[PDB]
Amino acid sequence: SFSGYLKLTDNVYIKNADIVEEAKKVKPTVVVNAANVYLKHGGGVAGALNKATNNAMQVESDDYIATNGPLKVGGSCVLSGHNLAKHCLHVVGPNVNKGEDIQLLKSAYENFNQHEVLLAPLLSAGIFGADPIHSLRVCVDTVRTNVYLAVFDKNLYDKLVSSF
Ligand SMILES: CC(C)[C@H](CO)Nc1ncnc2[nH]ccc12
């Protein structure tokens, strides 16, 4: 079902696309959200995915937090994918702008190994403040399952590919 991706490794693929638009087109088994520990989906990938669900992702997430408490940085939970995917894997990468340990980025990507194929963004990059070139390297060196990476910014996509 994935189309137009550039192969980077045996198991990692990349495309210049909004992950929301790719999810609407493909309806993958799993879409990854770039979540925070409170599952407050305000902006970046999380705010865009939640808006595409008409806020249903946020209502589900608030019930999850009321029952279970916050996630750990480096942790994840599986919730519904609503109209975008069968499931959403909410993964918390460290937020560099909040001073979180960047070594937790490898722990964050290890969550992907529980799923055979995923549509995903680069964890900890974008509004989370980490270097996206570093995030792509940790992804390729950590994830063993099949990952389709969507990168919205064209200038960044070209830099990620040309420096790989
Ligand atoms: C995470 C970051 C490197 C990347 C830079 O374009 N942001 C995104 N990538 C893919 N789909 C997106 N929708 C909303 C944001 C967003």
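All letters in the sequence shown, in the order written, are residues 1027 to 1190 by full-length UniProt numbering.
From the three backbone atoms N, C-alpha and C, an ideal C-beta is built for every residue, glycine too.
Could you tell me if the beta carbon of residue i falls within a distance shorter than 7 Å of some heavy atom in ligand 1?
i: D1179; result: yes
i: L1182; result: yes
i: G1155; result: no
i: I1159; result: no
i: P1147; result: yes
i: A1060; result: yes
i: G1152; result: yes
i: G1030; result: no
i: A1074; result: yes
i: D1088; result: no
Would you report the Cα separation of residue i and residue j, rounded to the nearest angstrom?
i: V1177; j: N1042; result: 5 Å
i: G1095; j: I1128; result: 23 Å
i: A1082; j: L1182; result: 30 Å
i: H1160; j: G1119; result: 13 Å
i: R1163; j: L1186; result: 10 Å
i: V1117; j: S1188; result: 27 Å
i: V1038; j: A1092; result: 35 Å
i: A1078; j: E1048; result: 12 Å
i: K1180; j: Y1090; result: 35 Å
i: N1076; j: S1106; result: 12 Å
i: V1166; j: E1136; result: 11 Å
Just to confirm before moving on: does the CB-CB distance between residue i and residue j stay below 8 Å?
i: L1131; j: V1058; result: no
i: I1153; j: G1069; result: yes
i: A1134; j: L1110; result: no
i: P1147; j: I1045; result: yes
i: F1190; j: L1034; result: yes
i: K1112; j: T1055; result: yes
Problem set entry | Sufficient close CB pairs (3 or more, under 8 Å) joining the segment 1058-1067 to the segment 1096-1104 | yes
Exercise. Is the number of C-beta pairs between the segment 1167-1176 and the segment 1136-1144 that are closer than 8 Å three or more?
Worked result: yes
For this session: Entirely within the segment 1073-1157 and at least 3 residues each: give me those beta strand (DSSP E) ranges in chain order.
Result: Counting only runs of 3 or more, we get 1102-1106, 1113-1117 and 1143-1146.
For this session: Entirely within the segment 1040-1079 and at least 3 residues each: give me those beta strand (DSSP E) ranges in chain order.
Result: Counting whole runs of 3 or more residues, the segment 1040-1079 contains the beta strand (DSSP E) stretches 1056-1060.
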